[PDB]
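All remarks here apply to the structure that follows.
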Amino acid sequence: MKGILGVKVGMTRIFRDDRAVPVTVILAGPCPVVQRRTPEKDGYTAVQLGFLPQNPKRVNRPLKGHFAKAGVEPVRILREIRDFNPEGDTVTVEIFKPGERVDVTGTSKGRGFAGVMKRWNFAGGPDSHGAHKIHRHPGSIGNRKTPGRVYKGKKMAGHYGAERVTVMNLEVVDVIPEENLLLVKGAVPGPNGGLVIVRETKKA
Amino acid sequence: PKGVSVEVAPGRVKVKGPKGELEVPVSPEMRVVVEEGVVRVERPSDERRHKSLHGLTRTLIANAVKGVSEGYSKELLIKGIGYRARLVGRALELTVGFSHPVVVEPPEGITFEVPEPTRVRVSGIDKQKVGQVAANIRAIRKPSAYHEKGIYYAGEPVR
Amino acid sequence: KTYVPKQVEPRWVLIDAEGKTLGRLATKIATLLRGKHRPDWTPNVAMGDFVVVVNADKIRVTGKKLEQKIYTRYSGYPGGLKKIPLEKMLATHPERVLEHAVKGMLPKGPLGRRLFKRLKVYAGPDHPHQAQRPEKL
RNA sequence: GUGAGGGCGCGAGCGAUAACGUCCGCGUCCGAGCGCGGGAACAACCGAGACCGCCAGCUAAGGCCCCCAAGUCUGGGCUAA
RNA sequence: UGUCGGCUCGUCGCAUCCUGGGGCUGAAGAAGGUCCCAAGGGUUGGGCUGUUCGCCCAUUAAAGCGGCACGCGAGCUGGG
RNA sequence: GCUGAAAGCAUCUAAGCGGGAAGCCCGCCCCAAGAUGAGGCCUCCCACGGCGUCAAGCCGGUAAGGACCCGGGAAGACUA
Ligand SMILES: [Mg+2]
Ligand SMILES: [Mg+2]
Ligand SMILES: [Mg+2]
Ligand SMILES: [Mg+2]
Ligand SMILES: [Mg+2]
Ligand SMILES: [Mg+2]
Ligand SMILES: [Mg+2]
Ligand SMILES: [Mg+2]
Ligand SMILES: [Mg+2]
Ligand SMILES: [Mg+2]
Ligand SMILES: [Mg+2]
Ligand SMILES: [Mg+2]
Ligand SMILES: [Mg+2]
Ligand SMILES: [Mg+2]
Ligand SMILES: [Mg+2]
Ligand SMILES: [Mg+2]
Ligand SMILES: [Mg+2]
Ligand SMILES: [Mg+2]
Ligand SMILES: [Mg+2]
Ligand SMILES: [Mg+2]
Ligand SMILES: [Mg+2]
Ligand SMILES: [Mg+2]
Ligand SMILES: [Mg+2]
Ligand SMILES: [Mg+2]
Ligand SMILES: [Mg+2]
Ligand SMILES: [Mg+2]
Ligand SMILES: [Mg+2]
Ligand SMILES: [Mg+2]
Ligand SMILES: [Mg+2]
Ligand SMILES: [Mg+2]
Ligand SMILES: [Mg+2]
Ligand SMILES: [Mg+2]
Ligand SMILES: [Mg+2]
Ligand SMILES: [Mg+2]
Ligand SMILES: [Mg+2]
Ligand SMILES: [Mg+2]
Ligand SMILES: [Mg+2]
Ligand SMILES: [Mg+2]
Ligand SMILES: [Mg+2]
Ligand SMILES: [Mg+2]
Ligand SMILES: [Mg+2]
Ligand SMILES: [Mg+2]
Ligand SMILES: [Mg+2]
Ligand SMILES: [Mg+2]
Ligand SMILES: [Mg+2]
Ligand SMILES: [Mg+2]
Ligand SMILES: [Mg+2]
Ligand SMILES: [Mg+2]
Ligand SMILES: [Mg+2]
Ligand SMILES: [Mg+2]
Ligand SMILES: [Mg+2]
Ligand SMILES: [Mg+2]
Ligand SMILES: [Mg+2]
Ligand SMILES: [Mg+2]
Ligand SMILES: [Mg+2]
Ligand SMILES: [Mg+2]
Ligand SMILES: [Mg+2]
Ligand SMILES: [Mg+2]
Ligand SMILES: [Mg+2]
Ligand SMILES: [Mg+2]
Ligand SMILES: [Mg+2]
Ligand SMILES: [Mg+2]
Ligand SMILES: [Mg+2]
Ligand SMILES: [Mg+2]
Ligand SMILES: [Mg+2]
C-alpha cells in the first residue's frame, strides 16, 4: 500500500511515443517518517509522513518533542497512510514506477454558496414564457400532506465544494527523481498548491 | 462392522479402519451402543421426528464404517467427439466443448481416477464427499437432452 | 409517612449468560437493574444494582429466531430502513443482542437510560476487573 | 325546554344477505356520564352511576415475565408456524 | 382544502419494460413462448392535439405499470 | 444437487452439507466520538500563593497554549 504526500504544481501535456497525453504535475518531496503506529501501540498500521520545512520558531509547539521523538527537521504538514510500513526513514518518488496506477485525494476548489443549478447541475426553468421568478429555481421539493416533510439530504443550494475528493486509477507517467517530481493522467482535484496524497489504486 | 474401530464420544462417533479415521456428527438424544464388536443405536421414544432421527443415524453410522472399510468410488461416462478428459497428476483437465480447458481441483480425502479418456472413477472415503464430487462433474457439462454429449454417471441416456 | 430512603452504595452483580434464554435473562437483569428487588424500592431516586453480564455470545434462543429475528435500524434518510438479522448481530457486536433486549425492558423514562448505564455487557468472560463481583444465576 | 339525533344488539324494508349507507320497530348507552377502570390510544364494546375528605380494607372488567400492580403458580393435553 | 395538462424536483411500491438468474417448452441452434426469483440502476428525441389518452416518424437493451390530495400553483406556467 | 430417514423402496430436508442472482452484507468513495456509550495515540506545561475546620467554592497571578488586532487567501454572504 504505497503512499506519499505532495502538492499540485500545475499541468501541461507531453507526447508519449507518438501520441499526445495531457498530464498533471505533482511534487513528492521527501516525507520523513514520524510515527510508525503498530496495532500494539494503537490498533491499526500506519505511518506519519511529514513534508515542507519550517521556521523552527513557528513550531515552538509541543510538536518540537514529537519531531525530536524521531529526530527530524520540523516539517509543516503530516498525515497517515493506513496499512503501510515500508523501510528507511523517508519515502520518495522512487516508490512509484511509470506504469503503476495511483489514487490521489485532494481538496476541491470552494465554490462558496453555490446555486442549486450550479451545484447539482439541475435543469432550472423556462427563460421565456414562464414568470421571471424561477429561472434557476429547484421548483418543487415535496408532496401534499403526505408525507408533509422533506427527504433528508434533498439536493438544495448552498456552500458547495472545498471538500475531500478522491480520483482513481490515474496512471503514473514519466517520474523524474532528479527533482522529486511526479507526472499523472491529468485530472487531479485541488488547486495549484493543495496538499494531496497519492496511494495505490484497486484494479484487483 | 468387522476389523473396524468405532469409538463413541458425547455427541459424535469416531470410526477408524484400514483407510483411516473419520468423524461423524452424531445426534444428541441418541444412544450409540457398542455391543460386542458391532454397534447399535436406539431412540428415547416412538414419535415422528425420532423415527426419522433413528433411521438417519442408523445409516449415517453404517456409512462411517463402510467409508473406512472398502471405500467409496463412483464412475463417470463421457459422450461426444472432442468430449474427453486428461488426468493431470492430482487435478484433472478435461475439454468438453468449451474454449477454456476445465481444471478440476482435487479436494482432500478424494482422488478421482482416469482409466480411459471417457471413464472417470471417483475414489474417496465419504459418501457426502463422493456424492458432491460426482455431481460436481456432471454439473460441469450436463448431458445434451437432444443427443449424446456431456458427462454421465452411468445411468440411462437422456435420449 | 412511608419510608424515605437515602443515599445507597452501588451493589454490583456478576451474572452469567451461557445457555441462558435471551428473554428469561434480560427480565431479571431489568428487574434487578432497578432496585425493584430490594424491599427499600423507590422510583424517584433510581438506585438500581450495577449489573454486569459476561458470555454474551453464549446466549441461547428458541425456534427460528437466529434466522427469523430481525432488528430495525431506521436512519432519517429515504430508504434507510436498513435491517439486520439475528445471526449478523452475533457476528458483528453480539453484546448488542442482550443490550437492546434489556434496553427495551427498562422504563422509557430518562432515569431508565440512567439505569442502562448500570448495565455492562461483554463476552469472554473477563470483566473490567474493578472490585465487586457477586456472582449469581 | 325539545320537534337535525347517534352508535350499539336484536327483528325487517331499501341496498348488492355493500357502506362509520339508509328507513321503522324493541331495548340499551352516548347525548347530558369526553367523570373513573379495562380495551395501546378511542362519545357510545366490557366494569361501574364521581356529595367532600383519608398515605385504610375486599372486589368488578381485565389482568398477574419486563416497560406495569399482582404467579416466570399448580396439574393434565395440543400446536413448531 | 385552488381545480386539467405542462414544467421543475423527485421519492416509494412491484403485480418487472430493460439488463441479472432460473424452471418448463409443441426448447436443434439462433430467436422466441410461458411461469418463478429479482428494483440496484436504467427506462430516448420528435410530428398532431390544451390535452391526459392515443396515433404516427426515427431509434432503442427497454422505450414498465401504479402510489404520494390521479405528488408538487406560499416552486412556475395558465393553452384547457 | 448431495448424503438421507420418516416410509426396508423412494425423496434436495425432516439433522446436517455444497453450488447459485445487476439483489443483501462487506469491499470503493464521502461525513463521522454531541458515538453526554463523548473513544485511542504521540508530545508539551504542572502544584495553593490565601480564606473554606469538613463537604461544596471563590480570588489576583502563572505555565504549556489560545484569543484580540493587523496584511492577506483558488477559503468565504456572515462567521468559520
Ligand atoms: Mg464557480
Ligand atoms: Mg457547472
Ligand atoms: Mg456539476
Ligand atoms: Mg438529477
Ligand atoms: Mg430544461
Ligand atoms: Mg407570467
Ligand atoms: Mg405579469
Ligand atoms: Mg410575481
Ligand atoms: Mg400544495
Ligand atoms: Mg466394546
Ligand atoms: Mg448393526
Ligand atoms: Mg439451517
Ligand atoms: Mg446457516
Ligand atoms: Mg443506498
Ligand atoms: Mg413525561
Ligand atoms: Mg320541524
Ligand atoms: Mg337490516
Ligand atoms: Mg344520515
Ligand atoms: Mg346511521
Ligand atoms: Mg335508538
Ligand atoms: Mg347522561
Ligand atoms: Mg339518561
Ligand atoms: Mg344515563
Ligand atoms: Mg376535555
Ligand atoms: Mg382505557
Ligand atoms: Mg375510556
Ligand atoms: Mg365517601
Ligand atoms: Mg383486595
Ligand atoms: Mg380474571
Ligand atoms: Mg400486563
Ligand atoms: Mg402445562
Ligand atoms: Mg430530474
Ligand atoms: Mg435513489
Ligand atoms: Mg433469462
Ligand atoms: Mg427463459
Ligand atoms: Mg438446449
Ligand atoms: Mg427451431
Ligand atoms: Mg438506493
Ligand atoms: Mg416536446
Ligand atoms: Mg413543434
Ligand atoms: Mg410545425
Ligand atoms: Mg399543439
Ligand atoms: Mg403536448
Ligand atoms: Mg387515437
Ligand atoms: Mg416506430
Ligand atoms: Mg411517478
Ligand atoms: Mg394534481
Ligand atoms: Mg398541481
Ligand atoms: Mg401559481
Ligand atoms: Mg397543475
Ligand atoms: Mg402549496
Ligand atoms: Mg395572459
Ligand atoms: Mg387556444
Ligand atoms: Mg376559452
Ligand atoms: Mg438426480
Ligand atoms: Mg432410503
Ligand atoms: Mg434418493
Ligand atoms: Mg430429481
Ligand atoms: Mg416439506
Ligand atoms: Mg453477486
Ligand atoms: Mg456477480
Ligand atoms: Mg453500506
Ligand atoms: Mg489553602
Ligand atoms: Mg472545585
Ligand atoms: Mg489569536
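We label chains A, B, ... in the order they appear in the C-alpha cells, count residues from 1 in each chain, and number ligands from 1 in the order shown.
When DSSP is run on the backbone, the residues of range 103-166 of chain A that fall into helix (DSSP H, G or I) are residues 116, 117, 118 and 119 of chain A.
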Those selected residues, please, written with N, CA and C atoms and delivered as a PDB file, in the first residue's frame.
ATOM      1  N   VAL A 116     -28.391  25.939  -6.678  1.00  0.00           N
ATOM      2  CA  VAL A 116     -28.848  24.591  -6.989  1.00  0.00           C
ATOM      3  C   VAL A 116     -28.398  24.161  -8.378  1.00  0.00           C
ATOM      4  N   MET A 117     -28.690  24.993  -9.369  1.00  0.00           N
ATOM      5  CA  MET A 117     -28.373  24.673 -10.751  1.00  0.00           C
ATOM      6  C   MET A 117     -26.881  24.436 -10.942  1.00  0.00           C
ATOM      7  N   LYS A 118     -26.074  25.286 -10.323  1.00  0.00           N
ATOM      8  CA  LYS A 118     -24.628  25.179 -10.426  1.00  0.00           C
ATOM      9  C   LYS A 118     -24.153  23.949  -9.668  1.00  0.00           C
ATOM     10  N   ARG A 119     -24.795  23.693  -8.533  1.00  0.00           N
ATOM     11  CA  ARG A 119     -24.370  22.655  -7.602  1.00  0.00           C
ATOM     12  C   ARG A 119     -24.587  21.259  -8.172  1.00  0.00           C
TER      13      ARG A 119
END
What do you get as a PyMOL selection string if you pick all residues at most 8 Å from ligand 46, counting only C-alpha atoms (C1' of nucleotides) and all ligand atoms? chain E and resi 66-67+71
Could you please take those selected residues and save C-alpha atoms (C1' of nucleotides) as a PDB file, in the first residue's frame?
ATOM      1  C1'   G E  66     -49.139   2.453 -10.302  1.00  0.00           C
ATOM      2  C1'   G E  67     -48.993   5.437  -5.057  1.00  0.00           C
ATOM      3  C1'   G E  71     -47.285  14.228  -5.641  1.00  0.00           C
TER       4        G E  71
END
Residue list for chain C near chain E as a ChimeraX atom specification, 12 Å, only C-alpha atoms (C1' of nucleotides): /C:77-79
Please, which residues of chain C, numbered as in this document, come out strand (DSSP E) from DSSP, as an MDAnalysis selection string? chainID C and resid 13:15 51:53 70:72 83:85 119:121 135:136
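Among the candidates C:121, C:137, C:86, C:105, the one nearest to ligand 13 when counting only C-alpha atoms and all ligand atoms is C:86.
A distance search around ligand 39 (10 Å at most, only C-alpha atoms (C1' of nucleotides) and all ligand atoms) returns the following protein and nucleic acid residues: residues 6, 45, 46 and 47 of chain E.
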Give me, as a PyMOL selection string, the set of residues whose atoms come within 9 Å of any atom of ligand 28, counting only C-alpha atoms (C1' of nucleotides) and all ligand atoms. chain D and resi 57-59
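The neighbours of range 153-156 of chain B here are the residues that come within 12 Å of it, using only C-alpha atoms (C1' of nucleotides) and leaving out any residue fewer than 4 positions away in the same chain; they are residues 73, 74, 75, 76, 77, 78, 79, 118, 119, 120, 121, 122, 130, 131, 133, 134, 135, 136, 137, 138, 139, 141, 142, 143, 145 and 148 of chain B.
With distances restricted to only C-alpha atoms (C1' of nucleotides), F:20 is the closest residue to residue 22 in chain E from F:39, F:65, F:20, F:72.
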Would you list which chain D residues are within 12 Å of chain C using only C-alpha atoms (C1' of nucleotides), as a PyMOL selection string? chain D and resi 55+65-68+72+80-81
Mind writing the picked residues with N, CA, C and O atoms (P, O5', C5', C4', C3', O3' and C1' of nucleotides) as a PDB file, in the first residue's frame?
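New file out.pdb:
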ATOM      1  P     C D  55     -53.977  11.111  51.833  1.00  0.00           P
ATOM      2  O5'   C D  55     -52.904   9.993  51.445  1.00  0.00           O
ATOM      3  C5'   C D  55     -53.364   8.754  50.942  1.00  0.00           C
ATOM      4  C4'   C D  55     -52.591   7.624  51.592  1.00  0.00           C
ATOM      5  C3'   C D  55     -52.818   7.465  53.091  1.00  0.00           C
ATOM      6  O3'   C D  55     -52.950   6.087  53.396  1.00  0.00           O
ATOM      7  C1'   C D  55     -50.528   7.628  52.656  1.00  0.00           C
ATOM      8  P     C D  65     -47.136 -12.866  34.890  1.00  0.00           P
ATOM      9  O5'   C D  65     -45.657 -12.316  34.644  1.00  0.00           O
ATOM     10  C5'   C D  65     -44.634 -12.609  35.588  1.00  0.00           C
ATOM     11  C4'   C D  65     -43.270 -12.490  34.936  1.00  0.00           C
ATOM     12  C3'   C D  65     -42.821 -11.069  34.632  1.00  0.00           C
ATOM     13  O3'   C D  65     -42.169 -10.498  35.765  1.00  0.00           O
ATOM     14  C1'   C D  65     -42.467 -12.457  32.733  1.00  0.00           C
ATOM     15  P     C D  66     -42.337  -8.940  36.094  1.00  0.00           P
ATOM     16  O5'   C D  66     -41.520  -8.207  34.931  1.00  0.00           O
ATOM     17  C5'   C D  66     -40.127  -7.973  35.074  1.00  0.00           C
ATOM     18  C4'   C D  66     -39.656  -6.991  34.019  1.00  0.00           C
ATOM     19  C3'   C D  66     -40.537  -5.765  33.850  1.00  0.00           C
ATOM     20  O3'   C D  66     -40.216  -4.768  34.808  1.00  0.00           O
ATOM     21  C1'   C D  66     -40.012  -6.663  31.728  1.00  0.00           C
ATOM     22  P     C D  67     -41.351  -3.728  35.243  1.00  0.00           P
ATOM     23  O5'   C D  67     -41.471  -2.763  33.972  1.00  0.00           O
ATOM     24  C5'   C D  67     -40.359  -1.970  33.565  1.00  0.00           C
ATOM     25  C4'   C D  67     -40.735  -1.103  32.378  1.00  0.00           C
ATOM     26  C3'   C D  67     -42.078  -0.408  32.533  1.00  0.00           C
ATOM     27  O3'   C D  67     -41.894   0.820  33.211  1.00  0.00           O
ATOM     28  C1'   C D  67     -41.933  -1.423  30.383  1.00  0.00           C
ATOM     29  P     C D  68     -43.020   1.328  34.222  1.00  0.00           P
ATOM     30  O5'   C D  68     -43.623  -0.033  34.812  1.00  0.00           O
ATOM     31  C5'   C D  68     -44.356   0.000  36.034  1.00  0.00           C
ATOM     32  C4'   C D  68     -45.419  -1.085  36.085  1.00  0.00           C
ATOM     33  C3'   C D  68     -44.894  -2.513  36.225  1.00  0.00           C
ATOM     34  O3'   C D  68     -45.395  -3.112  37.418  1.00  0.00           O
ATOM     35  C1'   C D  68     -46.630  -2.395  34.615  1.00  0.00           C
ATOM     36  P     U D  72     -43.506 -15.725  40.320  1.00  0.00           P
ATOM     37  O5'   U D  72     -42.995 -17.140  39.778  1.00  0.00           O
ATOM     38  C5'   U D  72     -41.980 -17.167  38.781  1.00  0.00           C
ATOM     39  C4'   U D  72     -42.584 -17.444  37.415  1.00  0.00           C
ATOM     40  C3'   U D  72     -42.153 -18.765  36.774  1.00  0.00           C
ATOM     41  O3'   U D  72     -43.280 -19.476  36.248  1.00  0.00           O
ATOM     42  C1'   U D  72     -41.883 -16.984  35.257  1.00  0.00           C
ATOM     43  P     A D  80     -47.448 -28.788  14.620  1.00  0.00           P
ATOM     44  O5'   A D  80     -46.382 -27.634  14.344  1.00  0.00           O
ATOM     45  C5'   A D  80     -45.101 -27.986  13.856  1.00  0.00           C
ATOM     46  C4'   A D  80     -44.277 -26.745  13.595  1.00  0.00           C
ATOM     47  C3'   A D  80     -42.783 -26.996  13.527  1.00  0.00           C
ATOM     48  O3'   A D  80     -42.158 -25.914  12.860  1.00  0.00           O
ATOM     49  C1'   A D  80     -43.291 -25.888  15.537  1.00  0.00           C
ATOM     50  P     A D  81     -42.184 -25.872  11.262  1.00  0.00           P
ATOM     51  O5'   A D  81     -43.260 -24.734  10.947  1.00  0.00           O
ATOM     52  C5'   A D  81     -42.926 -23.367  11.112  1.00  0.00           C
ATOM     53  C4'   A D  81     -44.104 -22.517  10.679  1.00  0.00           C
ATOM     54  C3'   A D  81     -43.967 -21.021  10.946  1.00  0.00           C
ATOM     55  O3'   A D  81     -43.430 -20.343   9.811  1.00  0.00           O
ATOM     56  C1'   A D  81     -45.877 -21.824  12.031  1.00  0.00           C
TER      57        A D  81
END
Proximal residues of chain B relative to chain E (only C-alpha atoms (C1' of nucleotides); 12 Å) as a PDB file with C-alpha atoms, in the first residue's frame:
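So the final result, stored in result.pdb, reads:
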ATOM      1  CA  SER B 144     -27.396 -32.768 -24.151  1.00  0.00           C
ATOM      2  CA  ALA B 145     -31.099 -33.599 -23.945  1.00  0.00           C
ATOM      3  CA  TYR B 146     -31.197 -33.778 -27.747  1.00  0.00           C
ATOM      4  CA  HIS B 147     -28.434 -36.310 -28.377  1.00  0.00           C
TER       5      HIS B 147
END
Which chain A residues are at most 9 Å from chain E (counting only C-alpha atoms (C1' of nucleotides)), as a PyMOL selection string? chain A and resi 123-126+129-131+133-135+137-147+151
Can you work out which residues from chain C touch chain F at a cut-off of 10 Å (counting only C-alpha atoms (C1' of nucleotides)) and hand them back as a VMD selection string? chain C and resid 84 88 116 to 117
Starting from chain A, keep only residues with some atom at most 12 Å from an atom of chain F, counting only C-alpha atoms (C1' of nucleotides), and report them as a PyMOL selection string. chain A and resi 34-46+48+59-70+103+105+107-114+158-168+189-194+201-204
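With the cut-off set to 9 Å and only C-alpha atoms (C1' of nucleotides) and all ligand atoms counted, the residues surrounding ligand 43 are residues 5, 6, 48, 49, 50 and 51 of chain E.
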Residue 95 in chain B environment, 7 Å, only C-alpha atoms (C1' of nucleotides), sequence neighbours closer than 4 positions dropped, as a ChimeraX atom specification: /B:83-85,101-102
Two-atom distance - CA of residue 27 in chain A, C1' of residue 73 in chain F (Å): 21.5 Å
Distance filter 12 Å around ligand 29, atoms: only C-alpha atoms (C1' of nucleotides) and all ligand atoms, out as a ChimeraX atom specification: /D:38,47,59-64,70
Which residues come within 6 Å of range 2-15 of chain F, counting only C-alpha atoms (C1' of nucleotides), excluding same-chain residues fewer than 2 positions away, as a PyMOL selection string? chain B and resi 52+55-56+128+131-132
